[PDB]
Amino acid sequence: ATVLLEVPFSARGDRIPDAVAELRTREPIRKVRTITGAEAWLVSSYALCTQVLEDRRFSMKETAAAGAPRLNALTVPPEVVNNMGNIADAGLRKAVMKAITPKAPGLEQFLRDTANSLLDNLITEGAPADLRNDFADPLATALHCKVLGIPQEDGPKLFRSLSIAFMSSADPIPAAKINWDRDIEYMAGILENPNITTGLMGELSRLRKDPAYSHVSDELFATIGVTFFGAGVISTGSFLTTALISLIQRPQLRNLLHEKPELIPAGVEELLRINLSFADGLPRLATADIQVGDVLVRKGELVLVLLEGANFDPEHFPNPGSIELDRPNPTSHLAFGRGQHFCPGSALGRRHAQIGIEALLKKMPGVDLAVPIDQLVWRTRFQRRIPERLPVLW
């Protein structure tokens, strides 16, 4: 006798399990068991993943309802699952989105300068270097302090909340609440700090004192800072880290992008397509009975949208495991989601990776892993797939 198929399948972020392709072919929507013991529908084809993400009756907000089948325990207050809705309802969506584009004057130069400084320090210290803890994550942290308008020196403490905040746990996590409450208090103080006049927090601080926002809660303003720092830093740092592995594993591509840096945007788009950074399918709760392929999903059931199911689907991306810079549908992947909850930071995430890769290839054109790839330690029970250390030489 066999147990119901368990998710997630593998915490390894350097390769897709052969099992995903078999599953997509045989059962592109299939029942699975999550780490909480809940049942869920796992969707793994491009067509069905898109259908779910574009139908708001598959609700993000409702996943936080008491008594719902859960993918994992909440690590934030339940109302924060509706963060973007709360921002929109407060009239802040346009301002928040404008503050997190890569377009502010000086931002791209700051990114380049930071990347080059991190890499110079690694070169001075000598190989081996850890490209996650000493390059990709500090680059993400520094970027997000700049985008938020907060002091660079405050970045590391906020960053250290994230190894817990983005856990994928069967049970509530006491440390997540301690760190959340502290980080909210920090952002509330930022909003009261007259020196904070730039970036997202500088803009929110002004809007907070504008009559058109006088009934928006101080809690929401602080929440925007905590959430955009956390989501952005974990997502950009984790994506860049695993993208560097995929690049290092492809010397011909590394060399092509080093020789022709104008191809880096196309390369990053393919690295996004093949990225395994999200450790679990994206969760949604059905708010009606909805046909998805051969399954009638019932109201109240949990649906998990497997991004790599869509992104490696050969019916949409032929030769899906290959990085090809000339595809006709290159941004049509689901790395940033799709529909109501499409990533509001997509342009910034692209530029973070493009600048980080450009700087790395210029400074370390001979970059290579310093350990066999199987020696990387993949973090478990986390909402991203990342190697604990990424040891390289050059």
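A residue's number is simply how far along the shown sequence it sits, counting from 1.
**Student:** Higher average CA B factor in the deposited record is what I'm after, so tell me if that's 299-307 or 115-123.
**Tutor:** Of 115-123 and 299-307, the stretch with the higher C-alpha B-factor average is 115-123.
**Student:** Comparing 141-149 with 207-215, which stretch shows the greater average C-alpha B-factor in the deposited entry?
**Tutor:** Comparing 141-149 with 207-215, the higher average CA B-factor belongs to 207-215.
**Student:** When you compare the CA B-factors of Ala73, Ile224, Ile290, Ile234 as listed in the entry, which one comes out on top?
**Tutor:** So the option with the highest C-alpha B-factor is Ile290.
**Student:** From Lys177, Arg132, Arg284, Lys260, can you pick the one with the highest C-alpha B factor in the entry?
**Tutor:** Highest C-alpha B-factor among the listed options: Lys260.
**Student:** Among the modelled residues of its chain, does the C-alpha B-factor of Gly349 lie in the lowest, middle or highest third?
**Tutor:** CA B-factor rank for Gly349: middle third.
**Student:** Using the B-factors in the PDB entry, rank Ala170's C-alpha atom against the chain and give the third, lowest, middle or highest.
**Tutor:** It belongs to the lowest third of the chain when residues are ordered by C-alpha B-factor.
**Student:** Is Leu393 in the lowest, middle or highest third of its chain when residues are ranked by C-alpha B-factor?
**Tutor:** As the PDB entry reports it, the C-alpha B-factor of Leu393 lands in the middle third of its chain.
**Student:** For the chain shown, is the CA B-factor of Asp181 in the lowest, middle or highest third of its modelled residues?
**Tutor:** Lowest third of the chain for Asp181's C-alpha B-factor.
**Student:** Can you work out whether the C-alpha temperature factor of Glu108 puts it in the lowest, middle or highest third of the chain?
**Tutor:** Highest third - that is where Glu108 ends up once the chain's C-alpha B-factors are sorted.
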